[PDB]
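Okay, here we've got a single chain as structure tokens, the form deposited in one PDB entry, with questions on binding and movement later.
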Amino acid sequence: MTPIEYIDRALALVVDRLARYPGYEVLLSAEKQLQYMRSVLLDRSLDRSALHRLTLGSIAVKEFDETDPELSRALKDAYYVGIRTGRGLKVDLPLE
């Protein structure tokens, strides 16, 4: 799995949930923070600074641990892989 696949998983679940709770500011905030992490992964010119301002882990615990554990887990996975630095990720060579 790549970090982006985790982000995209979380995003799909947030979108699914938004179909049920279209107004929910918490989900809308989560969607914004995921999209930002996604853009950071895709574009090096984008400043990585604001990553420290993200609250996805806190949101999962406070809002979804009880209510929606599938979403909670997905948000936590996405937050973690999103703040992991570039330099520690793993690479597979062809033929290996």
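Start at 1 and count along the sequence shown; that's the residue number.
Note that the form solved in complex with a partner chain isn't included here; everything after this is about it.
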(request) Using a 4.5 Å heavy atom cut-off, state whether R73 contacts its partner chain in the bound PDB entry. (result) yes
(message) Just checking whether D43 would be counted as a contact of its partner chain in the bound PDB entry - the rule being heavy atoms within 4.5 angstroms.
(response) no
(message) Even though the partner isn't displayed, in the bound PDB entry is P22 close enough to its partner chain, meaning a heavy atom within 4.5 Å?
(response) yes
(message) Within 4.5 Å, heavy atoms only: does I83 come near its partner chain in the bound PDB entry?
(response) yes
